[PDB]
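K.L.:
Pasting in a structure now, in structure tokens, and then I'll have a few things to ask.
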Amino acid sequence: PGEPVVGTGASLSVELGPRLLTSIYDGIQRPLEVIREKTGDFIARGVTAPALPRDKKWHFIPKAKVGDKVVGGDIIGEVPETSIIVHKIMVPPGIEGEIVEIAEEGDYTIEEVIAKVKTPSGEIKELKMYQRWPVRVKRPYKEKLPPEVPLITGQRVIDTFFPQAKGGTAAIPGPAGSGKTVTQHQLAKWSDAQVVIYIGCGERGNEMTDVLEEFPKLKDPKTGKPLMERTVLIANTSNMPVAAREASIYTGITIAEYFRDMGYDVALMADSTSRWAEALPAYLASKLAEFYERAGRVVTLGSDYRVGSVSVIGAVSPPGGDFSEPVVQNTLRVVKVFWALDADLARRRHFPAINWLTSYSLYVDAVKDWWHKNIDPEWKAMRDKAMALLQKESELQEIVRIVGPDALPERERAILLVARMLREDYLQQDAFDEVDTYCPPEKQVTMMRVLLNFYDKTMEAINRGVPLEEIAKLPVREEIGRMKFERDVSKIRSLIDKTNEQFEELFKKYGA
């Protein structure tokens, strides 16, 4: 509306209800292009359009009845919104009491009052299929849970060495381009979040166009349905007001929090480094912080025990291609994970071009018990071992650069052989391949066991006089290089026995 009050200005809010999905907005949730506003401490002014259509009929299913006691977050109905997502109709935060009136199953437009609640006062509150929330106010919840369950991306280098927790905070520094774009796209479509809130575009120039024309064609690989049906986009464009681009990340995170309150895992993804806007280094630092602080996995409001999360992934691309700060350095300081895309790795044709020495995740210990309990009790021991091999490989390659390869002992040559297999057979991954576009957790640990078992057999064999050239030509080495294209994890698993057997024949052949 247009009401003015002391403190934060015209309370800038979003409409939360059905039809949000598949929608594209600007920084303050207008369907249109353009935008208009004056961001300050004091206030902000804006008029035009409706965020949610009032014309569309929604199929309402009641999930409560007259006489039920309710609190904020209680689910009182369901609406099938898209062919992917069921919209859960919740009591707005701050409302409690008895349901004295609830709609029957029928078709309704969003201004229709689908229930009434009598509060303890006796005051009668009318509930609709949508609700409103100030974007600068974090939606409430019962409890923020410590990081614990991984957001599974299906990308080996991430899930294994640099994991993201559901509710966690990630950034992707490094050069913009196909690399970043492909990784962004793999994350959005493969991560086990049900809903994606995507902020950006505006970064390229032809980008708004490609979004307008290609994004409706993209499929959700999980369902074969349009990805648009689990997505909401917020566009920050060069023509749009400074004020609104400022606000877009609050709009974004409020909409994400609303889907978490229903019990979904949501991924909030940002790719709007350049277009982010400033009216008037501590200003940037505080705004980054207030945003990232809102990520989290929570026990939601409601009378049933229920958990949802917002995981934040922010692409950070230097404004003028400038390696240095500020945007880059503060954001890396706030997030708990980053995936450093690296142009030299791209030129070595190592894809995805995630530098496994400069990336880091502070969630390894937080997610390990989940991996241990659900997938493989050796997950953490194996990641640590593979990383130590990579760390060793890097020190050796530096030494070798200076003194040459000709006086390397067999043990050191073997380390290099196996590190190379780790980099090519495991870290490298093919987003374009119909099998290797996603790697299930059970496949990740099984490929890793195959590789680490090969390493152990390699060092045992070195130890017993087998020459390294023989290990390098072992037929099984080359099936290991193809494990990633195999859909059937038991065929991958059998490489362990196959490896043991070929090494045995090498032992018989040397009397070793």
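Within each chain, counting starts at residue 1; across the structure tokens, chains are named A, B, ... in the order shown, with ligands numbered 1 upward in that order.
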Give me the residues near residue A:232 as JSON, numbers by chain, where near means some atom within 9 Å (using only C-alpha atoms) and where sequence neighbours in that chain fewer than 2 positions away do not count.
P.N.:
{"A": [20, 21, 22, 23, 24, 25, 195, 196, 197, 198, 199, 228, 229, 230, 234, 252, 255]}
K.L.:
Could you give me, as a ChimeraX atom specification, the residues within 9 Å of residue A:141, counting only C-alpha atoms and dropping anything in the same chain fewer than 5 positions from it?
P.N.:
/A:73,261,298-302
K.L.:
Rank nothing, just name the residue among A:427, A:459, A:238, A:154 nearest to residue A:413, using only C-alpha atoms.
P.N.:
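Between A:427, A:459, A:238, A:154, the residue approaching residue A:413 most closely is A:459.
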K.L.:
Between A:484, A:138, A:180, A:493, which residue has the minimum interatomic distance to residue A:450, considering only C-alpha atoms?
P.N.:
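So, comparing all the options, the nearest one is A:493.
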K.L.:
Would you mind writing down, as a PyMOL selection string, each residue of stretch 355-471 of chain A that DSSP on the backbone assigns to helix (DSSP H, G or I)?
P.N.:
chain A and resi 364-374+379-403+410-427+441-463+468-471
K.L.:
Please, what distance in Å, to one decimal, runs between atom CA of residue A:155 and atom CA of residue A:436?
P.N.:
9.0 Å
K.L.:
Assign secondary structure with DSSP using the backbone only, and return the residues of stretch 184-253 of chain A in strand (DSSP E or B) as an MDAnalysis selection string.
P.N.:
chainID A and resid 195:200 219:220 225:226 231:235
K.L.:
Could you give me, as a ChimeraX atom specification, the residues within 7 Å of residue A:464, counting only C-alpha atoms and dropping anything in the same chain fewer than 3 positions from it?
P.N.:
/A:460-461,512
K.L.:
Tell me which protein, DNA and RNA residues are within 8 Å of stretch 203-215 of chain A, counting only C-alpha atoms, leaving out same-chain ones fewer than 3 positions away, and put them as an NGL selection string.
P.N.:
:A and (200 or 218 or 227-228 or 237 or 271-275)
K.L.:
Name the residues in contact with residue A:478 at a cut-off of 10 Å, using only C-alpha atoms, excluding same-chain residues fewer than 5 positions from it; report them as number ranges by chain.
P.N.:
A: 421, 425, 472-473, 483
K.L.:
State, in Å with one decimal place, the distance from atom CA of residue A:287 to atom CA of residue A:40.
P.N.:
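Value for the atom CA of residue A:287-atom CA of residue A:40 distance: 13.2 Å.
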K.L.:
Could you check how far atom CA of residue A:362 sits from atom CA of residue A:347, in Å to one decimal?
P.N.:
28.3 Å
K.L.:
Taking 2 positions as the minimum chain separation for residues in the same chain, which residues sit within 8 Å of stretch 386-399 of chain A when counting only C-alpha atoms? Answer as a PyMOL selection string.
P.N.:
chain A and resi 161+357+382-384+401-404+415-416+419+422+452
K.L.:
Hey, what's within 10 Å of residue A:437 if we count only C-alpha atoms and toss same-chain stuff fewer than 5 positions away? As a list in words, please?
P.N.:
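Residues near the query, excluding close chain neighbours: residues 154, 155, 186, 190, 221, 429, 430, 431, 432, 484 and 485 of chain A.
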